[PDB]
>>> print(open('run_14.cif').read())   # mmCIF, N, CA and C atoms
data_upload
#
loop_
_atom_site.label_atom_id
_atom_site.label_comp_id
_atom_site.auth_asym_id
_atom_site.auth_seq_id
_atom_site.Cartn_x
_atom_site.Cartn_y
_atom_site.Cartn_z
N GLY A 8 -66.41 38.61 124.78
CA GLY A 8 -65.63 39.23 125.84
C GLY A 8 -64.31 38.53 126.09
N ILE A 9 -64.32 37.20 125.99
CA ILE A 9 -63.12 36.40 126.22
C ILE A 9 -62.32 36.20 124.94
N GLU A 10 -62.97 36.42 123.80
CA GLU A 10 -62.32 36.27 122.50
C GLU A 10 -61.09 37.17 122.40
N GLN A 11 -61.17 38.33 123.04
CA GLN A 11 -60.05 39.28 123.05
C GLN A 11 -58.82 38.64 123.68
N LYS A 12 -59.04 37.96 124.80
CA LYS A 12 -57.96 37.27 125.50
C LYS A 12 -57.35 36.19 124.61
N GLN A 13 -58.21 35.41 123.96
CA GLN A 13 -57.77 34.36 123.05
C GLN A 13 -56.94 34.94 121.89
N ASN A 14 -57.42 36.03 121.30
CA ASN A 14 -56.68 36.72 120.24
C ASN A 14 -55.33 37.22 120.73
N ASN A 15 -55.33 37.86 121.89
CA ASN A 15 -54.11 38.32 122.53
C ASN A 15 -53.11 37.16 122.66
N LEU A 16 -53.57 36.07 123.26
CA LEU A 16 -52.74 34.88 123.44
C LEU A 16 -52.23 34.35 122.10
N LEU A 17 -53.10 34.34 121.10
CA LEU A 17 -52.73 33.92 119.75
C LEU A 17 -51.56 34.75 119.20
N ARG A 18 -51.70 36.07 119.25
CA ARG A 18 -50.64 36.96 118.80
C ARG A 18 -49.35 36.73 119.60
N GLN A 19 -49.49 36.54 120.91
CA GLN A 19 -48.33 36.21 121.74
C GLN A 19 -47.63 34.93 121.27
N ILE A 20 -48.41 33.89 120.99
CA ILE A 20 -47.85 32.67 120.42
C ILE A 20 -47.09 32.98 119.13
N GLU A 21 -47.72 33.75 118.24
CA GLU A 21 -47.06 34.14 116.99
C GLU A 21 -45.68 34.76 117.24
N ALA A 22 -45.64 35.76 118.11
CA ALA A 22 -44.37 36.38 118.49
C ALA A 22 -43.37 35.33 118.99
N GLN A 23 -43.86 34.46 119.88
CA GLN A 23 -43.04 33.38 120.41
C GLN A 23 -42.43 32.54 119.29
N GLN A 24 -43.25 32.20 118.30
CA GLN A 24 -42.80 31.43 117.15
C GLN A 24 -41.70 32.17 116.39
N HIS A 25 -41.92 33.46 116.13
CA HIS A 25 -40.87 34.29 115.52
C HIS A 25 -39.54 34.12 116.26
N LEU A 26 -39.55 34.49 117.54
CA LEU A 26 -38.33 34.44 118.35
C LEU A 26 -37.71 33.05 118.33
N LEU A 27 -38.56 32.03 118.45
CA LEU A 27 -38.09 30.66 118.45
C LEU A 27 -37.33 30.34 117.17
N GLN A 28 -37.96 30.58 116.02
CA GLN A 28 -37.30 30.28 114.75
C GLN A 28 -35.96 31.01 114.65
N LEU A 29 -35.93 32.27 115.07
CA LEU A 29 -34.66 33.00 115.12
C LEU A 29 -33.61 32.22 115.93
N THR A 30 -33.99 31.83 117.15
CA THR A 30 -33.11 31.02 117.98
C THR A 30 -32.59 29.78 117.25
N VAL A 31 -33.51 29.04 116.64
CA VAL A 31 -33.15 27.85 115.87
C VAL A 31 -32.05 28.17 114.85
N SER A 32 -32.30 29.18 114.01
CA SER A 32 -31.31 29.58 113.01
C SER A 32 -29.95 29.85 113.65
N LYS A 33 -29.95 30.68 114.70
CA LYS A 33 -28.71 30.97 115.43
C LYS A 33 -27.99 29.69 115.86
N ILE A 34 -28.75 28.77 116.44
CA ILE A 34 -28.20 27.49 116.88
C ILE A 34 -27.56 26.72 115.73
N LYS A 35 -28.25 26.61 114.60
CA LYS A 35 -27.66 25.91 113.45
C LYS A 35 -26.36 26.58 112.95
N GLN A 36 -26.35 27.91 112.93
CA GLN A 36 -25.13 28.64 112.59
C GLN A 36 -23.97 28.28 113.53
N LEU A 37 -24.24 28.35 114.83
CA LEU A 37 -23.22 28.00 115.82
C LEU A 37 -22.78 26.54 115.65
N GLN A 38 -23.75 25.67 115.37
CA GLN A 38 -23.47 24.28 115.04
C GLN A 38 -22.38 24.22 113.97
N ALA A 39 -22.62 24.87 112.84
CA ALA A 39 -21.62 24.92 111.77
C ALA A 39 -20.25 25.38 112.27
N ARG A 40 -20.24 26.47 113.02
CA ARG A 40 -18.97 26.98 113.58
C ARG A 40 -18.20 25.93 114.39
N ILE A 41 -18.89 25.30 115.34
CA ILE A 41 -18.25 24.26 116.14
C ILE A 41 -17.68 23.17 115.22
N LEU A 42 -18.49 22.71 114.27
CA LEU A 42 -18.08 21.67 113.33
C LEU A 42 -16.78 22.03 112.63
N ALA A 43 -16.71 23.26 112.12
CA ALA A 43 -15.47 23.76 111.55
C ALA A 43 -14.32 23.61 112.54
N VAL A 44 -14.51 24.11 113.77
CA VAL A 44 -13.45 24.02 114.78
C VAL A 44 -12.99 22.58 115.00
N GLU A 45 -13.94 21.65 115.11
CA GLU A 45 -13.61 20.24 115.31
C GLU A 45 -12.77 19.71 114.15
N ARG A 46 -13.28 19.95 112.94
CA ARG A 46 -12.60 19.52 111.73
C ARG A 46 -11.17 20.05 111.69
N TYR A 47 -10.96 21.30 112.10
CA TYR A 47 -9.60 21.81 112.18
C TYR A 47 -8.75 20.93 113.10
N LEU A 48 -9.26 20.65 114.29
CA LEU A 48 -8.52 19.89 115.29
C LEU A 48 -8.15 18.48 114.83
N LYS A 49 -9.09 17.79 114.18
CA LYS A 49 -8.81 16.43 113.68
C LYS A 49 -7.61 16.38 112.72
N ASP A 50 -7.26 17.51 112.11
CA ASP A 50 -6.20 17.54 111.10
C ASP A 50 -4.80 17.49 111.71
N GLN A 51 -3.84 17.01 110.93
CA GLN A 51 -2.45 16.93 111.36
C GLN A 51 -1.61 17.98 110.66
N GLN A 52 -1.50 19.16 111.27
CA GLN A 52 -0.67 20.23 110.75
C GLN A 52 0.81 19.98 111.07
N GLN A 58 3.10 31.68 116.53
CA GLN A 58 1.97 30.83 116.90
C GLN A 58 0.68 31.64 116.96
N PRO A 59 0.28 32.25 115.83
CA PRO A 59 -0.90 33.11 115.74
C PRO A 59 -2.16 32.36 115.34
N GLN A 60 -2.01 31.29 114.57
CA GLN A 60 -3.14 30.47 114.16
C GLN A 60 -3.87 29.96 115.39
N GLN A 61 -3.10 29.55 116.38
CA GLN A 61 -3.65 29.14 117.66
C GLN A 61 -4.45 30.29 118.27
N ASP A 62 -3.85 31.48 118.34
CA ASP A 62 -4.55 32.67 118.83
C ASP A 62 -5.89 32.86 118.13
N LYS A 63 -5.89 32.76 116.81
CA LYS A 63 -7.12 32.84 116.02
C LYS A 63 -8.12 31.77 116.44
N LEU A 64 -7.63 30.55 116.62
CA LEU A 64 -8.46 29.44 117.08
C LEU A 64 -9.09 29.70 118.45
N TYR A 65 -8.27 30.05 119.44
CA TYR A 65 -8.76 30.32 120.79
C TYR A 65 -9.73 31.49 120.78
N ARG A 66 -9.44 32.49 119.95
CA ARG A 66 -10.38 33.58 119.71
C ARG A 66 -11.72 33.04 119.23
N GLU A 67 -11.68 32.28 118.14
CA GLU A 67 -12.89 31.68 117.58
C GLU A 67 -13.68 30.95 118.66
N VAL A 68 -13.01 30.11 119.44
CA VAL A 68 -13.71 29.35 120.48
C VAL A 68 -14.33 30.28 121.53
N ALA A 69 -13.59 31.31 121.92
CA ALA A 69 -14.14 32.30 122.85
C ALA A 69 -15.43 32.92 122.31
N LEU A 70 -15.39 33.37 121.06
CA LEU A 70 -16.56 33.99 120.46
C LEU A 70 -17.72 33.01 120.31
N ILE A 71 -17.40 31.76 119.96
CA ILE A 71 -18.40 30.69 119.93
C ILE A 71 -19.09 30.61 121.28
N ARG A 72 -18.28 30.49 122.33
CA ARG A 72 -18.80 30.46 123.70
C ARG A 72 -19.76 31.62 123.93
N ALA A 73 -19.30 32.83 123.62
CA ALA A 73 -20.14 34.02 123.78
C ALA A 73 -21.50 33.88 123.10
N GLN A 74 -21.48 33.45 121.84
CA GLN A 74 -22.72 33.24 121.10
C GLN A 74 -23.62 32.21 121.80
N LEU A 75 -23.03 31.10 122.23
CA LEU A 75 -23.78 30.08 122.97
C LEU A 75 -24.47 30.70 124.18
N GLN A 76 -23.71 31.47 124.95
CA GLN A 76 -24.26 32.15 126.12
C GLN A 76 -25.47 33.00 125.73
N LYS A 77 -25.32 33.80 124.69
CA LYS A 77 -26.43 34.60 124.19
C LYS A 77 -27.66 33.72 123.90
N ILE A 78 -27.46 32.67 123.10
CA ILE A 78 -28.57 31.78 122.74
C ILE A 78 -29.25 31.20 123.97
N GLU A 79 -28.45 30.75 124.93
CA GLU A 79 -28.98 30.24 126.18
C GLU A 79 -29.88 31.27 126.86
N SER A 80 -29.36 32.49 127.00
CA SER A 80 -30.15 33.59 127.57
C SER A 80 -31.49 33.76 126.85
N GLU A 81 -31.43 33.94 125.53
CA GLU A 81 -32.64 34.07 124.73
C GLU A 81 -33.62 32.93 125.03
N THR A 82 -33.10 31.71 125.04
CA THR A 82 -33.92 30.53 125.28
C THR A 82 -34.58 30.57 126.66
N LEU A 83 -33.84 31.03 127.66
CA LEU A 83 -34.44 31.25 128.98
C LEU A 83 -35.61 32.21 128.87
N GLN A 84 -35.40 33.33 128.17
CA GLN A 84 -36.49 34.28 127.94
C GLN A 84 -37.70 33.56 127.36
N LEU A 85 -37.48 32.82 126.27
CA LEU A 85 -38.56 32.09 125.61
C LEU A 85 -39.27 31.11 126.54
N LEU A 86 -38.50 30.40 127.36
CA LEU A 86 -39.07 29.50 128.36
C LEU A 86 -40.01 30.26 129.29
N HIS A 87 -39.52 31.36 129.86
CA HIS A 87 -40.35 32.15 130.76
C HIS A 87 -41.62 32.66 130.08
N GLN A 88 -41.49 33.17 128.87
CA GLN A 88 -42.67 33.64 128.14
C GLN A 88 -43.62 32.49 127.80
N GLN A 89 -43.07 31.30 127.57
CA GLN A 89 -43.91 30.12 127.40
C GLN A 89 -44.71 29.87 128.67
N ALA A 90 -44.03 29.90 129.81
CA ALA A 90 -44.71 29.78 131.10
C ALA A 90 -45.85 30.79 131.21
N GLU A 91 -45.57 32.06 130.93
CA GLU A 91 -46.62 33.09 130.93
C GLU A 91 -47.81 32.71 130.04
N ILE A 92 -47.51 32.36 128.79
CA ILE A 92 -48.56 31.95 127.85
C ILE A 92 -49.40 30.79 128.41
N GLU A 93 -48.73 29.82 129.01
CA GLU A 93 -49.41 28.67 129.59
C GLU A 93 -50.28 29.06 130.79
N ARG A 94 -49.78 29.98 131.61
CA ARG A 94 -50.58 30.54 132.70
C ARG A 94 -51.86 31.14 132.14
N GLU A 95 -51.71 32.03 131.16
CA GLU A 95 -52.85 32.64 130.49
C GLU A 95 -53.81 31.58 129.94
N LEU A 96 -53.25 30.56 129.29
CA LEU A 96 -54.05 29.45 128.80
C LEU A 96 -54.88 28.81 129.92
N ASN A 97 -54.23 28.47 131.03
CA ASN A 97 -54.92 27.92 132.19
C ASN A 97 -56.05 28.82 132.69
N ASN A 98 -55.74 30.11 132.85
CA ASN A 98 -56.76 31.08 133.24
C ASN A 98 -57.95 31.08 132.29
N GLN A 99 -57.67 31.00 130.99
CA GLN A 99 -58.73 30.89 129.99
C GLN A 99 -59.53 29.60 130.15
N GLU A 100 -58.83 28.49 130.38
CA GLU A 100 -59.47 27.21 130.65
C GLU A 100 -60.46 27.35 131.81
N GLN A 101 -59.98 27.92 132.91
CA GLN A 101 -60.82 28.15 134.08
C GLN A 101 -62.02 29.04 133.76
N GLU A 102 -61.75 30.17 133.11
CA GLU A 102 -62.80 31.12 132.75
C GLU A 102 -63.88 30.49 131.86
N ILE A 103 -63.46 29.68 130.89
CA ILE A 103 -64.41 29.00 130.02
C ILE A 103 -65.13 27.87 130.75
N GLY A 104 -64.42 27.21 131.65
CA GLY A 104 -65.02 26.16 132.46
C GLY A 104 -66.19 26.67 133.29
N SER A 105 -65.94 27.70 134.09
CA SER A 105 -66.96 28.29 134.94
C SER A 105 -67.99 29.08 134.14
N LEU A 106 -67.75 29.23 132.85
CA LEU A 106 -68.70 29.90 131.98
C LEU A 106 -69.55 28.86 131.26
N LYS A 107 -69.58 27.65 131.80
CA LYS A 107 -70.44 26.60 131.27
C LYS A 107 -71.75 26.51 132.05
N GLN A 108 -72.11 27.61 132.71
CA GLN A 108 -73.39 27.71 133.39
C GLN A 108 -74.21 28.83 132.76
N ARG A 109 -73.56 29.61 131.90
CA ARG A 109 -74.19 30.73 131.23
C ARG A 109 -73.89 30.72 129.74
N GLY A 119 -69.46 25.29 118.94
CA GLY A 119 -68.88 26.03 120.05
C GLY A 119 -67.51 26.59 119.72
N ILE A 120 -67.03 27.49 120.57
CA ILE A 120 -65.73 28.13 120.38
C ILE A 120 -64.60 27.40 121.12
N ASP A 121 -64.94 26.30 121.78
CA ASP A 121 -63.93 25.49 122.48
C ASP A 121 -62.82 25.05 121.53
N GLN A 122 -63.14 24.97 120.24
CA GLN A 122 -62.15 24.68 119.21
C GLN A 122 -61.03 25.72 119.24
N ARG A 123 -61.37 26.93 119.68
CA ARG A 123 -60.39 28.01 119.78
C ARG A 123 -59.29 27.63 120.77
N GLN A 124 -59.69 27.41 122.02
CA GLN A 124 -58.73 27.05 123.06
C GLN A 124 -58.13 25.67 122.78
N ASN A 125 -58.84 24.85 122.01
CA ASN A 125 -58.25 23.61 121.50
C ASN A 125 -57.04 23.93 120.62
N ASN A 126 -57.25 24.80 119.63
CA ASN A 126 -56.17 25.24 118.76
C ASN A 126 -55.04 25.91 119.53
N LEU A 127 -55.40 26.74 120.50
CA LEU A 127 -54.42 27.38 121.37
C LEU A 127 -53.62 26.33 122.14
N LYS A 128 -54.32 25.34 122.68
CA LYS A 128 -53.67 24.25 123.40
C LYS A 128 -52.66 23.56 122.49
N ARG A 129 -53.13 23.11 121.32
CA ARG A 129 -52.28 22.39 120.38
C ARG A 129 -51.07 23.23 119.96
N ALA A 130 -51.31 24.52 119.74
CA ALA A 130 -50.24 25.46 119.43
C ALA A 130 -49.19 25.52 120.54
N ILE A 131 -49.64 25.78 121.77
CA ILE A 131 -48.73 25.86 122.91
C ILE A 131 -47.99 24.54 123.14
N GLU A 132 -48.69 23.42 122.97
CA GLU A 132 -48.09 22.10 123.11
C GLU A 132 -46.95 21.92 122.11
N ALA A 133 -47.25 22.18 120.84
CA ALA A 133 -46.23 22.10 119.80
C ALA A 133 -45.05 23.02 120.12
N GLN A 134 -45.37 24.24 120.55
CA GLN A 134 -44.37 25.21 120.96
C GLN A 134 -43.48 24.63 122.06
N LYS A 135 -44.11 24.05 123.07
CA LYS A 135 -43.40 23.47 124.20
C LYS A 135 -42.45 22.39 123.71
N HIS A 136 -42.97 21.44 122.94
CA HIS A 136 -42.14 20.36 122.41
C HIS A 136 -40.94 20.91 121.63
N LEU A 137 -41.22 21.81 120.69
CA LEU A 137 -40.16 22.40 119.89
C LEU A 137 -39.12 23.08 120.78
N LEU A 138 -39.59 23.78 121.81
CA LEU A 138 -38.70 24.44 122.75
C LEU A 138 -37.85 23.43 123.54
N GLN A 139 -38.44 22.30 123.91
CA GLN A 139 -37.69 21.24 124.57
C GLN A 139 -36.57 20.75 123.66
N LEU A 140 -36.92 20.45 122.41
CA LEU A 140 -35.90 20.05 121.43
C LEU A 140 -34.80 21.11 121.31
N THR A 141 -35.20 22.38 121.25
CA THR A 141 -34.24 23.48 121.24
C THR A 141 -33.26 23.35 122.41
N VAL A 142 -33.80 23.32 123.62
CA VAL A 142 -32.97 23.22 124.82
C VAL A 142 -32.05 21.99 124.77
N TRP A 143 -32.57 20.87 124.28
CA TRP A 143 -31.75 19.69 124.07
C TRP A 143 -30.55 19.98 123.16
N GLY A 144 -30.83 20.56 121.99
CA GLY A 144 -29.79 20.94 121.06
C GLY A 144 -28.75 21.82 121.72
N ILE A 145 -29.23 22.81 122.46
CA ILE A 145 -28.33 23.70 123.19
C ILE A 145 -27.40 22.91 124.10
N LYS A 146 -27.98 22.02 124.90
CA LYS A 146 -27.17 21.16 125.77
C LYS A 146 -26.09 20.42 124.97
N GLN A 147 -26.48 19.89 123.81
CA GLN A 147 -25.51 19.19 122.96
C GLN A 147 -24.35 20.08 122.48
N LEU A 148 -24.66 21.27 121.98
CA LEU A 148 -23.60 22.20 121.57
C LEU A 148 -22.71 22.56 122.76
N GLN A 149 -23.35 22.85 123.88
CA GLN A 149 -22.66 23.08 125.14
C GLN A 149 -21.58 22.01 125.35
N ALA A 150 -22.02 20.75 125.38
CA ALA A 150 -21.10 19.64 125.58
C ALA A 150 -19.96 19.65 124.57
N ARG A 151 -20.30 19.81 123.29
CA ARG A 151 -19.27 19.84 122.24
C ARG A 151 -18.22 20.91 122.49
N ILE A 152 -18.69 22.13 122.71
CA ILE A 152 -17.79 23.24 122.94
C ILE A 152 -16.91 22.92 124.15
N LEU A 153 -17.51 22.40 125.22
CA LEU A 153 -16.76 22.06 126.42
C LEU A 153 -15.64 21.07 126.11
N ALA A 154 -15.96 20.03 125.34
CA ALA A 154 -14.96 19.05 124.91
C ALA A 154 -13.82 19.70 124.14
N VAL A 155 -14.17 20.52 123.14
CA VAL A 155 -13.15 21.25 122.39
C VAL A 155 -12.33 22.13 123.32
N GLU A 156 -13.01 22.72 124.30
CA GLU A 156 -12.38 23.66 125.23
C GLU A 156 -11.38 22.95 126.12
N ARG A 157 -11.72 21.76 126.60
CA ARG A 157 -10.76 21.02 127.40
C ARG A 157 -9.66 20.44 126.52
N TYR A 158 -9.97 20.11 125.27
CA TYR A 158 -8.92 19.65 124.36
C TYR A 158 -7.90 20.76 124.15
N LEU A 159 -8.37 21.97 123.83
CA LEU A 159 -7.46 23.09 123.60
C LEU A 159 -6.71 23.49 124.86
N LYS A 160 -7.27 23.13 126.02
CA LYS A 160 -6.65 23.49 127.29
C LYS A 160 -5.35 22.70 127.51
N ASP A 161 -5.13 21.67 126.69
CA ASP A 161 -3.95 20.82 126.78
C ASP A 161 -2.94 21.17 125.69
#
>>> encode(input="run_14.cif", output="structure tokens")
Amino acid sequence: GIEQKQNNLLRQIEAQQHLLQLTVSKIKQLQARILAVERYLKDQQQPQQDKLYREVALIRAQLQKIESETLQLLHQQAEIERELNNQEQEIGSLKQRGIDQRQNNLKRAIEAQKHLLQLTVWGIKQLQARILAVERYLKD
């Protein structure tokens, strides 16, 4: 009866992993873009500027998107963890009437997910900072 819930949660984790990996890829792409922009600036050389400011604007836009997505993923992680807790409770009180390895695996999965998501958010913060620095540099 509860196996259905566990399976549901499992599939939800799978979806979460999909979305997460997508986010990661997007972040690495944006990483490359910023790097290019920085490398341009370090060089010792008015439309090129326009192109540059354009690039930075679009970079910003992409960052914003990624941040939004990541917020979504965070919230869905919270949901998954709520469900996990409810399952913990349900299995706990069902010790008056093993498959505990199941919720063990679910726990380990969600934990790994959480950690990876934290690293994601960290990376995002780092790109944020970089773009901001480039943005204040170009502002001069």
>>> closest_residue(input="run_14.cif", among="A:141, A:124, A:161, A:75", to="residue A:96", atoms="only N, CA and C atoms")
A:124
>>> residues_around(input="run_14.cif", residues="residue A:17", least_positions_apart="3", cutoff="10 Å", atoms="only C-alpha atoms", output="PyMOL selection string")
chain A and resi 11-14+20-23+92+123-124+126-127+130-131
>>> residues_around(input="run_14.cif", residues="stretch 152-155 of chain A", least_positions_apart="2", cutoff="8 Å", atoms="all atoms listed in the file", output="ChimeraX atom specification")
/A:41,44-45,68,71-72,146-150,157-161
>>> atom_distance(input="run_14.cif", atom1="atom C of residue A:70", atom2="atom N of residue A:82")
16.1 Å
>>> axis_aligned_box(input="run_14.cif", around="stretch 132-147 of chain A", padding_each_side="6 Å", output="JSON")
{"center_x": -36.5, "center_y": 22.2, "center_z": 122.8, "size_x": 36.3, "size_y": 18.0, "size_z": 18.0}
>>> closest_residue(input="run_14.cif", among="A:42, A:105, A:81, A:132", to="residue A:30", atoms="only N, CA and C atoms")
A:81
>>> atom_distance(input="run_14.cif", atom1="atom CA of residue A:136", atom2="atom CA of residue A:27")
11.8 Å
>>> atom_distance(input="run_14.cif", atom1="atom C of residue A:83", atom2="atom CA of residue A:128")
20.5 Å
>>> closest_residue(input="run_14.cif", among="A:78, A:60, A:24, A:142", to="residue A:36", atoms="only C-alpha atoms")
A:78
